[PDB]
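*Asks:* Below you'll find query-v1.cif; it's mmCIF, N, CA, C and O atoms.
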data_start
#
loop_
_atom_site.label_atom_id
_atom_site.label_comp_id
_atom_site.auth_asym_id
_atom_site.auth_seq_id
_atom_site.Cartn_x
_atom_site.Cartn_y
_atom_site.Cartn_z
N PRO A 1 3.05 -4.95 -7.53
CA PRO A 1 2.76 -5.16 -6.11
C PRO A 1 2.30 -6.57 -5.80
O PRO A 1 1.91 -7.32 -6.69
N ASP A 2 2.35 -6.92 -4.51
CA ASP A 2 2.12 -8.28 -4.05
C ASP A 2 1.13 -8.30 -2.89
O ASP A 2 1.51 -8.53 -1.74
N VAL A 3 -0.13 -8.05 -3.20
CA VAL A 3 -1.15 -8.01 -2.17
C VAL A 3 -1.18 -9.34 -1.44
O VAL A 3 -1.36 -9.39 -0.22
N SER A 4 -1.00 -10.43 -2.17
CA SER A 4 -1.06 -11.76 -1.55
C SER A 4 0.08 -11.97 -0.56
O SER A 4 -0.15 -12.45 0.54
N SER A 5 1.30 -11.59 -0.92
CA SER A 5 2.44 -11.73 -0.01
C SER A 5 2.35 -10.82 1.22
O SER A 5 2.88 -11.14 2.27
N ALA A 6 1.70 -9.68 1.07
CA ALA A 6 1.59 -8.73 2.15
C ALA A 6 0.64 -9.28 3.19
O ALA A 6 0.93 -9.27 4.39
N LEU A 7 -0.50 -9.79 2.74
CA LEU A 7 -1.47 -10.37 3.66
C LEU A 7 -0.92 -11.59 4.37
O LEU A 7 -1.12 -11.74 5.56
N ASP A 8 -0.20 -12.46 3.65
CA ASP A 8 0.38 -13.62 4.26
C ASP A 8 1.41 -13.21 5.29
O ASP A 8 1.55 -13.87 6.32
N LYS A 9 2.12 -12.11 5.06
CA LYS A 9 3.11 -11.65 6.02
C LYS A 9 2.43 -11.25 7.31
O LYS A 9 2.90 -11.61 8.40
N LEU A 10 1.29 -10.57 7.20
CA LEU A 10 0.55 -10.11 8.38
C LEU A 10 -0.09 -11.24 9.14
O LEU A 10 -0.16 -11.18 10.36
N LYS A 11 -0.54 -12.27 8.44
CA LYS A 11 -1.09 -13.44 9.13
C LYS A 11 0.01 -14.07 9.93
O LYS A 11 -0.20 -14.57 11.04
N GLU A 12 1.19 -14.09 9.36
CA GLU A 12 2.33 -14.68 10.03
C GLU A 12 2.67 -13.94 11.31
O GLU A 12 2.89 -14.54 12.37
N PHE A 13 2.75 -12.63 11.18
CA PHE A 13 2.93 -11.73 12.30
C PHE A 13 1.83 -11.93 13.35
O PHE A 13 2.12 -12.15 14.51
N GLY A 14 0.58 -11.83 12.91
CA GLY A 14 -0.59 -12.03 13.78
C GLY A 14 -0.51 -13.33 14.56
O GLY A 14 -0.71 -13.35 15.77
N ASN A 15 -0.16 -14.41 13.88
CA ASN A 15 -0.08 -15.72 14.51
C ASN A 15 1.06 -15.85 15.51
O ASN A 15 0.89 -16.45 16.57
N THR A 16 2.23 -15.29 15.18
CA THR A 16 3.38 -15.26 16.10
C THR A 16 3.08 -14.41 17.35
O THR A 16 3.37 -14.82 18.48
N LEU A 17 2.51 -13.22 17.13
CA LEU A 17 2.11 -12.33 18.22
C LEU A 17 1.21 -13.09 19.20
O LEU A 17 1.45 -13.11 20.39
N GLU A 18 0.20 -13.76 18.68
CA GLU A 18 -0.68 -14.52 19.55
C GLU A 18 0.07 -15.58 20.36
O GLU A 18 -0.27 -15.79 21.53
N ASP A 19 1.08 -16.22 19.79
CA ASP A 19 1.78 -17.29 20.50
C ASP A 19 2.79 -16.71 21.48
O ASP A 19 2.97 -17.22 22.56
N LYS A 20 3.45 -15.62 21.10
CA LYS A 20 4.41 -14.98 21.99
C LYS A 20 3.75 -14.27 23.17
O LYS A 20 4.37 -14.11 24.23
N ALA A 21 2.53 -13.79 22.99
CA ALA A 21 1.80 -13.15 24.05
C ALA A 21 1.55 -14.17 25.14
O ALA A 21 1.64 -13.86 26.32
N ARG A 22 1.27 -15.40 24.73
CA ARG A 22 1.05 -16.48 25.70
C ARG A 22 2.34 -16.76 26.47
O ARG A 22 2.32 -16.98 27.67
N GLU A 23 3.47 -16.68 25.77
CA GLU A 23 4.78 -16.90 26.38
C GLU A 23 5.18 -15.78 27.34
O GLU A 23 5.85 -16.03 28.34
N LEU A 24 4.80 -14.55 27.02
CA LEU A 24 5.01 -13.44 27.94
C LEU A 24 4.35 -13.73 29.29
O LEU A 24 4.92 -13.46 30.34
N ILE A 25 3.15 -14.28 29.24
CA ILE A 25 2.38 -14.56 30.44
C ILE A 25 3.15 -15.53 31.33
O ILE A 25 3.21 -15.36 32.55
N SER A 26 3.78 -16.52 30.72
CA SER A 26 4.55 -17.48 31.50
C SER A 26 5.83 -16.86 32.09
O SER A 26 6.25 -17.24 33.18
N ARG A 27 6.43 -15.89 31.42
CA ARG A 27 7.63 -15.25 31.98
C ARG A 27 7.25 -14.35 33.18
O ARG A 27 7.95 -14.31 34.19
N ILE A 28 6.13 -13.65 33.06
CA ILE A 28 5.55 -12.93 34.18
C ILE A 28 5.29 -13.83 35.40
O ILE A 28 5.58 -13.46 36.54
N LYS A 29 4.76 -15.02 35.17
CA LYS A 29 4.45 -15.95 36.23
C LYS A 29 5.72 -16.48 36.88
O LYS A 29 5.76 -16.74 38.10
N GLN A 30 6.77 -16.66 36.07
CA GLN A 30 8.11 -17.00 36.57
C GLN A 30 8.70 -15.93 37.52
O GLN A 30 9.24 -16.26 38.57
N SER A 31 8.60 -14.66 37.14
CA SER A 31 9.08 -13.58 37.98
C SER A 31 8.21 -13.43 39.24
O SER A 31 8.67 -13.09 40.33
N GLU A 32 6.93 -13.72 39.08
CA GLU A 32 6.00 -13.81 40.19
C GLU A 32 6.46 -14.86 41.19
O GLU A 32 6.47 -14.61 42.38
N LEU A 33 6.84 -16.04 40.71
CA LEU A 33 7.37 -17.11 41.56
C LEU A 33 8.66 -16.65 42.24
O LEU A 33 8.85 -16.83 43.44
N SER A 34 9.53 -16.02 41.46
CA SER A 34 10.75 -15.51 42.00
C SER A 34 10.47 -14.50 43.13
O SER A 34 11.00 -14.63 44.26
N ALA A 35 9.65 -13.51 42.83
CA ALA A 35 9.37 -12.43 43.79
C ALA A 35 8.73 -12.98 45.05
O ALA A 35 9.11 -12.63 46.17
N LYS A 36 7.76 -13.88 44.87
CA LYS A 36 7.08 -14.46 46.04
C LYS A 36 8.02 -15.31 46.92
O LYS A 36 7.87 -15.32 48.14
N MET A 37 8.99 -15.99 46.32
CA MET A 37 9.94 -16.78 47.08
C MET A 37 10.92 -15.90 47.82
O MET A 37 11.36 -16.23 48.91
N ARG A 38 11.29 -14.77 47.22
CA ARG A 38 12.15 -13.82 47.93
C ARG A 38 11.44 -13.28 49.17
O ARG A 38 12.03 -13.16 50.24
N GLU A 39 10.17 -12.95 49.01
CA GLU A 39 9.33 -12.50 50.11
C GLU A 39 9.29 -13.57 51.21
O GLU A 39 9.49 -13.27 52.38
N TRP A 40 9.07 -14.81 50.80
CA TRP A 40 9.01 -15.92 51.73
C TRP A 40 10.33 -16.21 52.50
O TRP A 40 10.31 -16.46 53.72
N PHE A 41 11.47 -16.19 51.81
CA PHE A 41 12.76 -16.36 52.45
C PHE A 41 13.08 -15.29 53.48
O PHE A 41 13.55 -15.59 54.58
N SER A 42 12.83 -14.03 53.13
CA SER A 42 13.06 -12.93 54.05
C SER A 42 12.14 -13.03 55.28
O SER A 42 12.60 -13.04 56.41
N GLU A 43 10.84 -13.10 55.05
CA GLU A 43 9.86 -13.22 56.11
C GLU A 43 10.24 -14.29 57.12
O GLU A 43 10.21 -14.09 58.33
N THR A 44 10.57 -15.46 56.60
CA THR A 44 10.86 -16.64 57.41
C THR A 44 12.19 -16.51 58.16
O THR A 44 12.32 -16.96 59.31
N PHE A 45 13.17 -15.88 57.54
CA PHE A 45 14.39 -15.62 58.25
C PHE A 45 14.18 -14.55 59.34
O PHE A 45 14.73 -14.65 60.44
N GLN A 46 13.37 -13.55 59.03
CA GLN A 46 12.98 -12.58 60.03
C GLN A 46 12.49 -13.29 61.29
O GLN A 46 12.96 -13.01 62.38
N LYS A 47 11.57 -14.23 61.12
CA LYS A 47 11.03 -15.00 62.23
C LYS A 47 12.10 -15.74 63.00
O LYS A 47 12.04 -15.82 64.23
N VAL A 48 13.05 -16.33 62.28
CA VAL A 48 14.12 -17.10 62.89
C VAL A 48 14.94 -16.23 63.82
O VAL A 48 15.16 -16.59 64.98
N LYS A 49 15.40 -15.10 63.29
CA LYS A 49 16.12 -14.12 64.08
C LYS A 49 15.38 -13.82 65.39
O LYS A 49 15.96 -13.93 66.48
N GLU A 50 14.10 -13.44 65.26
CA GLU A 50 13.30 -12.98 66.39
C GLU A 50 13.18 -14.06 67.43
O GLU A 50 13.34 -13.81 68.63
N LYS A 51 12.92 -15.28 66.98
CA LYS A 51 12.73 -16.39 67.90
C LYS A 51 14.00 -16.69 68.71
O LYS A 51 13.92 -17.04 69.89
N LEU A 52 15.16 -16.56 68.09
CA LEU A 52 16.40 -16.85 68.77
C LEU A 52 16.72 -15.69 69.69
O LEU A 52 17.08 -15.89 70.85
N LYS A 53 16.57 -14.48 69.15
CA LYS A 53 16.82 -13.25 69.90
C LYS A 53 16.03 -13.18 71.20
O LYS A 53 16.60 -12.84 72.24
N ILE A 54 14.74 -13.52 71.18
CA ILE A 54 13.97 -13.51 72.43
C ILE A 54 14.28 -14.74 73.30
O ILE A 54 13.65 -14.95 74.34
N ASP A 55 15.27 -15.53 72.88
CA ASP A 55 15.76 -16.66 73.67
C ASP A 55 17.29 -16.60 73.81
O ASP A 55 17.93 -17.59 74.17
N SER A 56 17.84 -15.42 73.56
CA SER A 56 19.29 -15.18 73.57
C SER A 56 19.94 -15.78 72.34
O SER A 56 20.17 -15.09 71.34
N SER B 1 3.19 -7.73 44.29
CA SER B 1 2.80 -8.57 43.12
C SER B 1 1.79 -7.87 42.18
O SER B 1 1.12 -8.53 41.38
N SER B 2 1.70 -6.54 42.26
CA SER B 2 0.78 -5.78 41.43
C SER B 2 1.22 -5.75 39.98
O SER B 2 0.43 -5.99 39.07
N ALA B 3 2.50 -5.42 39.77
CA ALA B 3 3.06 -5.30 38.44
C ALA B 3 2.90 -6.59 37.64
O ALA B 3 2.91 -6.56 36.42
N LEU B 4 2.73 -7.71 38.33
CA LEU B 4 2.65 -9.01 37.68
C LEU B 4 1.24 -9.33 37.18
O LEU B 4 1.05 -9.64 35.99
N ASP B 5 0.26 -9.23 38.07
CA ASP B 5 -1.12 -9.63 37.75
C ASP B 5 -1.78 -8.77 36.66
O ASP B 5 -2.67 -9.23 35.94
N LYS B 6 -1.36 -7.52 36.57
CA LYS B 6 -1.88 -6.63 35.55
C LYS B 6 -1.05 -6.71 34.27
O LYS B 6 -1.54 -6.38 33.19
N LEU B 7 0.20 -7.16 34.39
CA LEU B 7 1.00 -7.51 33.21
C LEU B 7 0.43 -8.75 32.56
O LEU B 7 0.54 -8.92 31.34
N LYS B 8 -0.18 -9.62 33.37
CA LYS B 8 -0.88 -10.78 32.82
C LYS B 8 -2.05 -10.34 31.94
O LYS B 8 -2.29 -10.93 30.89
N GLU B 9 -2.78 -9.31 32.36
CA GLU B 9 -3.88 -8.78 31.54
C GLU B 9 -3.34 -8.24 30.22
O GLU B 9 -4.03 -8.21 29.21
N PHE B 10 -2.10 -7.76 30.27
CA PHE B 10 -1.37 -7.26 29.12
C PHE B 10 -1.13 -8.35 28.07
O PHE B 10 -1.31 -8.13 26.86
N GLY B 11 -0.72 -9.52 28.55
CA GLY B 11 -0.59 -10.68 27.70
C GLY B 11 -1.91 -11.00 27.05
O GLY B 11 -1.99 -11.24 25.86
N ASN B 12 -2.98 -10.99 27.84
CA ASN B 12 -4.31 -11.32 27.32
C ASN B 12 -4.80 -10.30 26.27
O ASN B 12 -5.40 -10.65 25.26
N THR B 13 -4.51 -9.03 26.50
CA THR B 13 -4.81 -8.01 25.54
C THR B 13 -4.07 -8.20 24.21
O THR B 13 -4.67 -8.04 23.15
N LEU B 14 -2.78 -8.54 24.27
CA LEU B 14 -2.02 -8.78 23.06
C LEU B 14 -2.56 -9.99 22.32
O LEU B 14 -2.57 -10.01 21.11
N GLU B 15 -3.02 -10.98 23.07
CA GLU B 15 -3.53 -12.18 22.47
C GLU B 15 -4.81 -11.89 21.70
O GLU B 15 -5.00 -12.37 20.59
N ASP B 16 -5.67 -11.09 22.29
CA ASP B 16 -6.93 -10.76 21.65
C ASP B 16 -6.73 -9.86 20.43
O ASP B 16 -7.42 -10.00 19.40
N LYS B 17 -5.80 -8.93 20.52
CA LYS B 17 -5.54 -8.06 19.38
C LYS B 17 -4.93 -8.85 18.20
O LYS B 17 -5.20 -8.56 17.05
N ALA B 18 -4.10 -9.83 18.52
CA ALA B 18 -3.55 -10.72 17.54
C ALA B 18 -4.67 -11.45 16.77
O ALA B 18 -4.69 -11.43 15.56
N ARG B 19 -5.58 -12.09 17.49
CA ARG B 19 -6.68 -12.80 16.88
C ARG B 19 -7.55 -11.88 16.00
O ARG B 19 -7.97 -12.25 14.90
N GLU B 20 -7.84 -10.71 16.53
CA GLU B 20 -8.66 -9.76 15.86
C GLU B 20 -8.01 -9.37 14.53
O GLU B 20 -8.68 -9.33 13.49
N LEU B 21 -6.72 -9.06 14.59
CA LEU B 21 -5.94 -8.73 13.40
C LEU B 21 -6.05 -9.83 12.33
O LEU B 21 -6.26 -9.55 11.18
N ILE B 22 -5.91 -11.08 12.74
CA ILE B 22 -5.94 -12.21 11.81
C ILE B 22 -7.33 -12.34 11.16
O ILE B 22 -7.45 -12.58 9.96
N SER B 23 -8.37 -12.18 11.97
CA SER B 23 -9.74 -12.20 11.50
C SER B 23 -9.92 -11.12 10.43
O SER B 23 -10.44 -11.37 9.35
N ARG B 24 -9.40 -9.95 10.70
CA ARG B 24 -9.53 -8.86 9.76
C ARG B 24 -8.72 -9.03 8.47
O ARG B 24 -9.17 -8.60 7.40
N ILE B 25 -7.54 -9.64 8.57
CA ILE B 25 -6.73 -9.92 7.38
C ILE B 25 -7.48 -10.91 6.47
O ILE B 25 -7.57 -10.72 5.28
N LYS B 26 -8.02 -11.96 7.06
CA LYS B 26 -8.77 -12.92 6.31
C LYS B 26 -10.00 -12.33 5.57
O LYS B 26 -10.25 -12.62 4.41
N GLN B 27 -10.75 -11.48 6.26
CA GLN B 27 -11.84 -10.74 5.66
C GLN B 27 -11.38 -9.85 4.50
O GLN B 27 -12.04 -9.78 3.45
N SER B 28 -10.26 -9.16 4.67
CA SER B 28 -9.67 -8.40 3.59
C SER B 28 -9.32 -9.30 2.43
O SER B 28 -9.51 -8.94 1.29
N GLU B 29 -8.80 -10.47 2.74
CA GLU B 29 -8.35 -11.41 1.73
C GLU B 29 -9.54 -11.91 0.87
O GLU B 29 -9.52 -11.82 -0.34
N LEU B 30 -10.56 -12.44 1.53
CA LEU B 30 -11.81 -12.78 0.92
C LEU B 30 -12.33 -11.64 0.06
O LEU B 30 -12.73 -11.84 -1.08
N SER B 31 -12.32 -10.43 0.60
CA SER B 31 -12.88 -9.32 -0.12
C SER B 31 -12.12 -9.05 -1.42
O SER B 31 -12.72 -8.84 -2.46
N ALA B 32 -10.80 -9.02 -1.35
CA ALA B 32 -9.97 -8.81 -2.52
C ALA B 32 -10.13 -9.97 -3.53
O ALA B 32 -10.21 -9.75 -4.72
N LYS B 33 -10.15 -11.21 -3.06
CA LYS B 33 -10.24 -12.32 -3.98
C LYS B 33 -11.62 -12.35 -4.70
O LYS B 33 -11.71 -12.54 -5.90
N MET B 34 -12.69 -12.06 -3.97
CA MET B 34 -13.97 -11.81 -4.61
C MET B 34 -13.94 -10.63 -5.58
O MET B 34 -14.50 -10.72 -6.67
N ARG B 35 -13.31 -9.53 -5.21
CA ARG B 35 -13.20 -8.39 -6.16
C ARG B 35 -12.46 -8.77 -7.47
O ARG B 35 -12.90 -8.42 -8.57
N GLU B 36 -11.34 -9.48 -7.34
CA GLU B 36 -10.59 -9.92 -8.51
C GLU B 36 -11.40 -10.88 -9.39
O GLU B 36 -11.35 -10.82 -10.62
N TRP B 37 -12.17 -11.74 -8.74
CA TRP B 37 -12.85 -12.81 -9.42
C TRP B 37 -14.01 -12.23 -10.22
O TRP B 37 -14.19 -12.54 -11.39
N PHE B 38 -14.78 -11.34 -9.60
CA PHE B 38 -15.87 -10.70 -10.24
C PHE B 38 -15.40 -9.91 -11.43
O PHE B 38 -16.03 -9.86 -12.48
N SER B 39 -14.30 -9.22 -11.23
CA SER B 39 -13.72 -8.38 -12.27
C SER B 39 -13.26 -9.21 -13.46
O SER B 39 -13.55 -8.90 -14.59
N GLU B 40 -12.53 -10.28 -13.19
CA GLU B 40 -12.07 -11.19 -14.25
C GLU B 40 -13.27 -11.83 -15.00
O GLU B 40 -13.30 -11.88 -16.23
N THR B 41 -14.25 -12.33 -14.26
CA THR B 41 -15.43 -12.87 -14.89
C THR B 41 -16.12 -11.90 -15.83
O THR B 41 -16.40 -12.25 -16.98
N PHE B 42 -16.40 -10.68 -15.34
CA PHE B 42 -16.96 -9.64 -16.18
C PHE B 42 -16.10 -9.38 -17.42
O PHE B 42 -16.63 -9.22 -18.52
N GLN B 43 -14.79 -9.33 -17.26
CA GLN B 43 -13.89 -9.08 -18.38
C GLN B 43 -14.00 -10.13 -19.50
O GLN B 43 -14.12 -9.80 -20.67
N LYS B 44 -13.94 -11.39 -19.12
CA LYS B 44 -14.11 -12.49 -20.06
C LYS B 44 -15.46 -12.44 -20.77
O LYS B 44 -15.56 -12.71 -21.95
N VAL B 45 -16.50 -12.07 -20.03
CA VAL B 45 -17.82 -11.96 -20.60
C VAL B 45 -17.88 -10.85 -21.64
O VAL B 45 -18.46 -11.00 -22.72
N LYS B 46 -17.27 -9.72 -21.29
CA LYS B 46 -17.07 -8.60 -22.22
C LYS B 46 -16.43 -9.07 -23.51
O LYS B 46 -16.98 -8.84 -24.59
N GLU B 47 -15.26 -9.71 -23.39
CA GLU B 47 -14.51 -10.19 -24.55
C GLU B 47 -15.33 -11.12 -25.44
O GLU B 47 -15.33 -10.96 -26.66
N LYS B 48 -16.04 -12.06 -24.85
CA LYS B 48 -16.88 -12.96 -25.63
C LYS B 48 -18.04 -12.22 -26.29
O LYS B 48 -18.58 -12.70 -27.27
N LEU B 49 -18.43 -11.07 -25.74
CA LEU B 49 -19.56 -10.31 -26.30
C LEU B 49 -19.16 -9.13 -27.20
O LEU B 49 -20.02 -8.31 -27.54
N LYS B 50 -17.89 -9.03 -27.59
CA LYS B 50 -17.38 -7.89 -28.38
C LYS B 50 -17.88 -6.54 -27.83
O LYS B 50 -18.53 -5.75 -28.54
N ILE B 51 -17.54 -6.26 -26.58
CA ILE B 51 -18.08 -5.12 -25.83
C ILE B 51 -19.59 -5.28 -25.73
O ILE B 51 -20.19 -4.93 -24.70
#
Mind turning this structure into structure tokens?
*Replies:*
Amino acid sequence: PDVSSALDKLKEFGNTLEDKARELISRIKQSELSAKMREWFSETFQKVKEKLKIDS
Amino acid sequence: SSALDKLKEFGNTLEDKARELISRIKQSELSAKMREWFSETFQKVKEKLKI
């Protein structure tokens, strides 16, 4: 058996998990930006419609 | 934007569990290396002392 190789494997895993978890956070923030901009485009076009409509 | 802000807490949770895991692996490592070392030392002492 290889107790030393097993532990080193887990440190490797542990260290990657910690770095990828940080990267997950950034992908969430990207979709957040996406979702918020979709909300903003719709809202603002809604306003445009209304403003023209109440002016023919 | 609910699914996002609490998914962020998810990232933070994974990050903390990662660190914790590493801390624990290192402690296991120290423990095993001390166990091997003590055992080897005792063994050599035994041999030099003819039981």
*Asks:* My list of candidates is A:27, A:39, A:55, A:21. Which is closest to residue B:13 when distances are computed with all atoms listed in the file?
*Replies:* A:21
*Asks:* Applied to this file, what does the PyMOL selection byres ((chain B) within 7 of (chain A)) return in terms of residues, put as a list in words?
*Replies:*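 Selected by the PyMOL selection byres ((chain B) within 7 of (chain A)) here: residues 1, 4, 5, 7, 8, 10, 11, 12, 14, 15, 16, 17, 18, 19, 21, 22 and 25 of chain B.
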*Asks:* Between atom CA of residue B:9 and atom CA of residue A:41, what is the distance in Å, rounded to a tenth?
*Replies:*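 Straight-line distance from atom CA of residue B:9 to atom CA of residue A:41 works out to 27.8 Å.
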*Asks:* Enter the distance from atom O of residue B:32 to atom C of residue A:2, in Å, rounded to one decimal.
*Replies:*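 Spanning atom O of residue B:32 to atom C of residue A:2 is a straight-line distance of 11.6 Å.
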